[PDB]
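Chemist: Pasting entry.cif here (mmCIF, C-alpha atoms; chains and numbers go by the auth columns):
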data_data
loop_
_atom_site.group_PDB
_atom_site.id
_atom_site.type_symbol
_atom_site.label_atom_id
_atom_site.label_comp_id
_atom_site.label_asym_id
_atom_site.label_seq_id
_atom_site.Cartn_x
_atom_site.Cartn_y
_atom_site.Cartn_z
_atom_site.B_iso_or_equiv
_atom_site.auth_seq_id
_atom_site.auth_asym_id
ATOM 1 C CA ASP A 1 88.566 61.675 131.817 0.00 1 J
ATOM 2 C CA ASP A 2 87.903 65.399 131.182 0.00 2 J
ATOM 3 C CA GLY A 3 89.552 66.528 127.919 0.00 3 J
ATOM 4 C CA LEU A 4 88.955 66.865 124.158 0.00 4 J
ATOM 5 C CA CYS A 5 91.092 66.625 120.955 0.00 5 J
ATOM 6 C CA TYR A 6 91.389 68.482 117.637 0.00 6 J
ATOM 7 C CA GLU A 7 93.409 67.934 114.441 0.00 7 J
ATOM 8 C CA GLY A 8 95.514 70.250 112.276 0.00 8 J
ATOM 9 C CA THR A 9 98.917 71.896 112.888 0.00 9 J
ATOM 10 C CA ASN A 10 98.580 74.384 115.844 0.00 10 J
ATOM 11 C CA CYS A 11 101.181 72.517 117.911 0.00 11 J
ATOM 12 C CA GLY A 12 103.454 71.575 115.089 0.00 12 J
ATOM 13 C CA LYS A 13 101.554 68.269 114.939 0.00 13 J
ATOM 14 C CA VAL A 14 101.754 68.030 111.175 0.00 14 J
ATOM 15 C CA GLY A 15 100.648 64.420 110.483 0.00 15 J
ATOM 16 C CA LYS A 16 99.514 63.674 114.086 0.00 16 J
ATOM 17 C CA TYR A 17 97.009 65.457 116.451 0.00 17 J
ATOM 18 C CA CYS A 18 96.912 67.589 119.687 0.00 18 J
ATOM 19 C CA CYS A 19 94.831 67.864 122.873 0.00 19 J
ATOM 20 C CA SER A 20 94.103 71.027 124.942 0.00 20 J
ATOM 21 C CA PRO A 21 90.890 72.200 126.630 0.00 21 J
ATOM 22 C CA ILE A 22 92.012 75.840 126.196 0.00 22 J
ATOM 23 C CA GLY A 23 95.212 75.766 124.127 0.00 23 J
ATOM 24 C CA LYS A 24 97.251 75.931 127.341 0.00 24 J
ATOM 25 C CA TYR A 25 98.589 72.344 127.333 0.00 25 J
ATOM 26 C CA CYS A 26 99.139 71.847 123.556 0.00 26 J
ATOM 27 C CA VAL A 27 100.143 68.167 124.009 0.00 27 J
ATOM 28 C CA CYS A 28 100.322 66.136 120.800 0.00 28 J
ATOM 29 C CA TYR A 29 101.034 62.535 119.854 0.00 29 J
ATOM 30 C CA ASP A 30 100.998 60.345 116.741 0.00 30 J
ATOM 31 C CA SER A 31 97.943 58.209 117.628 0.00 31 J
ATOM 32 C CA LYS A 32 94.912 60.588 117.641 0.00 32 J
ATOM 33 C CA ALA A 33 93.794 58.081 120.285 0.00 33 J
ATOM 34 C CA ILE A 34 96.934 58.834 122.323 0.00 34 J
ATOM 35 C CA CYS A 35 95.675 62.391 122.176 0.00 35 J
ATOM 36 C CA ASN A 36 92.461 61.588 124.084 0.00 36 J
ATOM 37 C CA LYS A 37 94.140 58.736 126.065 0.00 37 J
ATOM 38 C CA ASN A 38 97.717 59.761 126.980 0.00 38 J
ATOM 39 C CA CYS A 39 96.845 63.445 126.978 0.00 39 J
ATOM 40 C CA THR A 40 95.295 62.885 130.440 0.00 40 J
#
Spit out the file's structure as structure tokens when you get a sec.
Modeler:
Amino acid sequence: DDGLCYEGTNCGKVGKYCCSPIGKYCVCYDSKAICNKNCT
């Protein structure tokens, strides 16, 4: 449950979003929700 999400293009997520609590994971998906959800 610990994790946050941000939007932009730092992980090549042009059009979608990414999740990383320190920029170490850089895991992105199409559903911003999948960012919070699946990112865990």
Chemist: Which neighbours of residue 10 in chain J fall inside 12 Å, counting all atoms listed in the file, when residues of the same chain fewer than 2 positions from it are skipped, and could you give them as a list in words?
Modeler: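 These residues fall inside the cut-off: residues 5, 6, 7, 8, 12, 13, 14, 15, 16, 17, 18, 19, 20, 23, 24, 25, 26, 27 and 28 of chain J.
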Chemist: Taking all atoms of range 10-21 of chain J that appear in the file, build a box with edges along x, y and z, extend it by 5 Å on every side, and state its centre and edge lengths in Å to one decimal, as lines of an AutoDock Vina configuration file.
Modeler:
center_x = 97.2
center_y = 69.0
center_z = 118.6
size_x = 22.6
size_y = 20.7
size_z = 26.1
Chemist: In Å, how far is it from CA of residue 38 in chain J to CA of residue 1 in chain J?
Modeler: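 Pair CA of residue 38 in chain J / CA of residue 1 in chain J returns 10.5 Å.
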Chemist: Skip residue 2 in chain J itself and residues of its chain fewer than 3 positions away, then list as an NGL selection string all residues within 10 Å of it, counting all atoms listed in the file.
Modeler: :J and (21 or 36 or 40)
Chemist: Some atoms are missing, so please complete range 22-35 of chain J with N, CA and C atoms and return it as a PDB file, in the coordinates of the input.
Modeler:
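The resulting file, result.pdb, is reproduced below:
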ATOM      1  N   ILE J  22      91.976  74.341 126.287  1.00  0.00           N
ATOM      2  CA  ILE J  22      92.012  75.840 126.196  1.00  0.00           C
ATOM      3  C   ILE J  22      93.273  76.323 125.478  1.00  0.00           C
ATOM      4  N   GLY J  23      93.965  75.417 124.881  1.00  0.00           N
ATOM      5  CA  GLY J  23      95.212  75.766 124.127  1.00  0.00           C
ATOM      6  C   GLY J  23      96.356  76.027 125.101  1.00  0.00           C
ATOM      7  N   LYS J  24      96.169  75.697 126.345  1.00  0.00           N
ATOM      8  CA  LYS J  24      97.251  75.931 127.341  1.00  0.00           C
ATOM      9  C   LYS J  24      98.212  74.738 127.410  1.00  0.00           C
ATOM     10  N   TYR J  25      97.706  73.543 127.256  1.00  0.00           N
ATOM     11  CA  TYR J  25      98.589  72.344 127.333  1.00  0.00           C
ATOM     12  C   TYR J  25      99.257  72.044 125.988  1.00  0.00           C
ATOM     13  N   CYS J  26      98.536  72.165 124.896  1.00  0.00           N
ATOM     14  CA  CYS J  26      99.139  71.847 123.556  1.00  0.00           C
ATOM     15  C   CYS J  26      99.992  70.573 123.666  1.00  0.00           C
ATOM     16  N   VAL J  27      99.366  69.441 123.893  1.00  0.00           N
ATOM     17  CA  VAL J  27     100.143  68.167 124.009  1.00  0.00           C
ATOM     18  C   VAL J  27      99.755  67.266 122.847  1.00  0.00           C
ATOM     19  N   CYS J  28     100.682  66.953 121.989  1.00  0.00           N
ATOM     20  CA  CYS J  28     100.322  66.136 120.800  1.00  0.00           C
ATOM     21  C   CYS J  28     101.010  64.779 120.775  1.00  0.00           C
ATOM     22  N   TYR J  29     100.468  63.892 119.985  1.00  0.00           N
ATOM     23  CA  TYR J  29     101.034  62.535 119.854  1.00  0.00           C
ATOM     24  C   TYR J  29     100.758  62.021 118.450  1.00  0.00           C
ATOM     25  N   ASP J  30     101.273  60.877 118.099  1.00  0.00           N
ATOM     26  CA  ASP J  30     100.998  60.345 116.741  1.00  0.00           C
ATOM     27  C   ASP J  30      99.636  59.647 116.667  1.00  0.00           C
ATOM     28  N   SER J  31      99.275  58.894 117.670  1.00  0.00           N
ATOM     29  CA  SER J  31      97.943  58.209 117.628  1.00  0.00           C
ATOM     30  C   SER J  31      96.863  59.206 118.050  1.00  0.00           C
ATOM     31  N   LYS J  32      95.950  59.608 117.181  1.00  0.00           N
ATOM     32  CA  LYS J  32      94.912  60.588 117.641  1.00  0.00           C
ATOM     33  C   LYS J  32      94.344  60.027 118.957  1.00  0.00           C
ATOM     34  N   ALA J  33      94.249  58.720 119.041  1.00  0.00           N
ATOM     35  CA  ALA J  33      93.794  58.081 120.285  1.00  0.00           C
ATOM     36  C   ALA J  33      94.727  58.481 121.421  1.00  0.00           C
ATOM     37  N   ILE J  34      96.035  58.429 121.229  1.00  0.00           N
ATOM     38  CA  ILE J  34      96.934  58.834 122.323  1.00  0.00           C
ATOM     39  C   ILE J  34      96.614  60.255 122.737  1.00  0.00           C
ATOM     40  N   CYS J  35      96.073  60.994 121.835  1.00  0.00           N
ATOM     41  CA  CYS J  35      95.675  62.391 122.176  1.00  0.00           C
ATOM     42  C   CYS J  35      94.638  62.280 123.284  1.00  0.00           C
TER      43      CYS J  35
END
